[PDB]
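Every residue, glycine as well, gets a Cβ built from its backbone with ideal geometry; the counts of neighbours run over all protein chains shown. Readers should treat all values here as calculations from the given coordinates under stated rules, not as data from a laboratory.
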Amino acid sequence: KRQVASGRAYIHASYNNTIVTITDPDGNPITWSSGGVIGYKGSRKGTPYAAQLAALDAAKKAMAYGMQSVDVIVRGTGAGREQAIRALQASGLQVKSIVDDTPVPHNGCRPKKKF
Amino acid sequence: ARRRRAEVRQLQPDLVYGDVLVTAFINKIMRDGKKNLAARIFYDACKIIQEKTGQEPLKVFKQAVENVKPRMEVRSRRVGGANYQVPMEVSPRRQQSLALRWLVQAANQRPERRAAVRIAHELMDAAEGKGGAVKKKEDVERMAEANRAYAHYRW
Amino acid sequence: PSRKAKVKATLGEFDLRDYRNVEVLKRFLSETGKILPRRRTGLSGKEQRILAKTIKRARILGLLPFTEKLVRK
RNA sequence: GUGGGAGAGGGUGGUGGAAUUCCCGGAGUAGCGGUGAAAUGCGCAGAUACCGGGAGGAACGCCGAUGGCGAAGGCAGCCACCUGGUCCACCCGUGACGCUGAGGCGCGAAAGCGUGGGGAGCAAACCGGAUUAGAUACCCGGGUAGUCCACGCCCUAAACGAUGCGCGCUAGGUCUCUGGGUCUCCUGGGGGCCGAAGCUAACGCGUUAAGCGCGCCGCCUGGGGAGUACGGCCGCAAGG
């Protein structure tokens, strides 16, 4: 118990694994859940189900801190970005607003072989 | 089937009860087209239900079927050079088909000697939610949401 | 379709070179901080070419953004 | 000559924000990352995801086009300075002063060479991981030269429109950048597509000619052997 109502929920999606981190209003993470932490270990994490789980068990750990309100922040394009959000929208948390602030360079580091 | 959906064969109701669901069931018992025998099996198998159960076998039959129709199944699919099991919602046609077929495939596995009996008993333990006709049901669905990790393809 | 309403049609006489007029420019930026394409601005080959340079200026004087975040998704 | 215009044309100095890596702090756990799968690797000296702070190099989203500029190679964040080309209008001034152009001189992508600086990302070679009958590969994780900067050299190329420069002449339609006009239309320069006559082995070309013609340079003359051999010239070398 630490009683921290209303916080932020960063959702970091990939083409290899989706994760979630729940931070406090200030920006400090309270509890974070990935995909490889649930049980799955490889090709499995990219799945929308993998993300679903990752999202849900990540809220269950927040309800423990009395988390009620949350602003959702999505990072990137993964496989099941959606399902992660739709997850929190049913986990029992009040969803303020969904934010998309995926990091696009304005042409900087020369990307590697696979663009 | 390549050009059309192919019309489904309409059957003749039963001479006794009159439910076509009956006709379907027997057909499934019938081997080597001995439909005169297959009929007796069902009948005497109903008589066993009256003597051992205080209910009308017609209704009993139905509740049994009703209870085995699995509502979820798997369908193999080569997605990216691999066998991914893809759960999917089952149609009314297939349900009916699967039920009867399992009611009989399980039935004949019973440790009982007489065939009319073996069927009679499967129709009872069925309704009560047990036996093996219903086990081959829960075993299927136990694969449905088992790999519901993959429900994101076709349909 | 993109046949919503161009920003030139719903606007008045305004100087393309006054890079300080934020109240207007903002009309030329997307829901993000990006520069609207000609299909959306309603402008011409020459106009857009200028409006381009002008925004990159007001950006510099911390007036107009370089990129926003999104409200839905 | 005078008055307009457009442009990623070049040079120098400067400066803006995104992202990346690294460093520090905060908070926080058990994984992260990567693949068709996987492993190599990174994490309890606490990684990942998240916030804040700092350093540094590279590059410059959107606008951006089937667009513009340039002799070509090639050129795009913003600003200022220095500078080349060019187009239009007026028809003012010179009075044929013009075209071409062996050798020459200059420019010349990428890689590569010297000395010095710099090094974030990427990445020959090289080190491991997996794949396979095998893999000195295609895939994954690292990684040195190099790639960025200066001065100097190298000078090649599918350096391509694979189409030398310059002038005149020969239906149009349409889209587009740009200038003048009496501007629902005329008129100049440029970029595209379709297409008359004509040409073409055909494909195609077609007022951006591969058409009808004149000038001048360059080059070809069976394939392989060879862009080799010899010789000379060049270069630090690689080589040309």
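Assorted remarks:
- Any hit, segment B:83-92, residues being touching a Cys at 6+ places or on another chain (Cβ under 9 Å), under 23 Å from B:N27 (Cα atoms) and among the hydrophobic types (A, V, I, L, M, F, W, C): no
- The residues in segment A:1-38 that are hydroxyl-bearing (S, T, Y) and outside any strand (DSSP E or B) can be counted, and the count is 5.
- Test result for A:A79, closer than 13 Å to A:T18 by Cα, within 13 Å of the chain's Cα centre (by Cα) and within 11 Å of RNA strand D (Cβ to nearest atom): yes
Results for (1) in contact with a strand residue (DSSP E or B) (Cβ under 8 Å, 6 or more places away or on another chain); (2) of a type outside the set (A, V, I, L, M), shown as yes or no for each residue.
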position	(1), (2)
B:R71	yes, yes
B:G80	no, yes
B:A99	no, no
B:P111	no, yes
B:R114	no, yes
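- Filter result for the condition that a residue is closer than 17 Å to A:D24 by Cα and more than 13 Å from RNA strand D (Cβ to nearest atom), over A:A87, A:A59: A:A59
- Residue in segment A:42-65 that is surrounded by fewer than 15 Cβ atoms within 10 Å (Cβ to Cβ), of a type outside the set (S, T, Y) and within 14 Å of another protein chain (Cβ to nearest Cβ) present: yes
- Unique residue being more than 25 Å from B:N147 (Cα to Cα) and either touching a helix residue (DSSP H, G or I) at 6+ places or on another chain (Cβ under 7 Å) or near RNA strand D (Cβ under 10 Å from one of its atoms) (or both) when the list is A:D101, A:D71: A:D101
- When residues of segment A:1-17 are limited to those that are out of contact with any strand residue (DSSP E or B) (no Cβ under 8 Å at 6 or more places or on another chain) and more than 9 Å from RNA strand D (Cβ to nearest atom), the one nearest to A:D71 (Cα to Cα): A:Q3
- A single entry from B:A45, B:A39, B:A64, B:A24 fulfils the requirement of being closer than 30 Å to B:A151 by Cα and either out of contact with any strand residue (DSSP E or B) (no Cβ under 8 Å at 6 or more places or on another chain) or aromatic (F, W, Y) (or both): B:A64.
- For segment C:57-73, filtering for residues that are near RNA strand D (Cβ under 6 Å from one of its atoms) and among the small types (G, A, S) leaves 0.
- Looking only at segment A:74-91, and only at residues there that are out of contact with any helix residue (DSSP H, G or I) (no Cβ under 7 Å at 6 or more places or on another chain) and polar (S, T, N, Q), the one that is farthest from the other protein chains (Cβ to nearest Cβ): A:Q89
- Test: residue in segment A:92-99 that is within 14 Å of chain C (Cβ to nearest Cβ), of a type in the set (A, V, I, L, M) and in a helix (DSSP H, G or I): no
- Residues that are small (G, A, S) and without any contact (Cβ under 8 Å) to a residue 12 or more places away in the chain were ranked within segment A:18-56; the one that is farthest from RNA strand D (Cβ to nearest atom) is A:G39.
- Residues of segment C:12-56 satisfying the condition of being within 12 Å of RNA strand D (Cβ to nearest atom), away from chain A (no Cβ under 14 Å), charged (D, E, K, R) and closer than 27 Å to A:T102 by Cβ: C:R38, C:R39, C:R40
- Within segment A:100-115, being of a type in the set (A, V, I, L, M, F, W, C) and within 11 Å of chain C (Cβ to nearest Cβ) holds for one residue alone: A:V104.
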